[PDB]
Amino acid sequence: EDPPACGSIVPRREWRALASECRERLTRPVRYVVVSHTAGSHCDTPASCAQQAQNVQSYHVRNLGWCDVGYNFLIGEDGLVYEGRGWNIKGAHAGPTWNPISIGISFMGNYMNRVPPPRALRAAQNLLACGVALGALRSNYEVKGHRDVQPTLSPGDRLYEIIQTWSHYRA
């Protein structure tokens, strides 16, 4: 209802989220940031992307039995960031090694043969700064591709080549 934080981040409630049940929390400041893709439906507007946020959560919650959507945060091709578990709650995105020691951000869509727009890329890099600001992220935080931590195609071939160029990226 009332958000005055960085990253013009769409709040759980603005995208009609179901409430988290998650309790495990991250020991801050976190060092690792894991970039993924939903491998789900792409969305270019905030109407579409809020619905799409709902869809990802619903599947993780109703279907996979999870306490909440698995991603710390979700990025839409509308250029907005979507709050999931947020800065404090341990995510479920990178398996047991990398879930507790990292934050996971997920681009909404499959980027194997697509590239995401600059706005979405910005929204992401902005998100990371905002996290270091709030001391959620270590100043010298490191960025990993989902596929650098787990055997997956996530975050997609095209998106993966983008993030290799980032100053904070480590393979």
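Residue indices: 1-based, along the sequence shown.
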{"query": "Stretch with the higher entry mean CA B-factor, where the candidates are 32-40 and 131-139", "finding": "131-139"}
{"query": "Mean temperature factor over C-alpha atoms, higher-scoring stretch between 68-76 and 96-104", "finding": "96-104"}
{"query": "Top residue by Cα temperature factor, when 125, 63, 45, 55 are compared in the entry", "finding": "125"}
{"query": "Within-chain third of residue 50 by Cα B-factor, per the entry", "finding": "middle"}
{"query": "Record-listed C-alpha B factor of residue 115: chain third", "finding": "highest"}
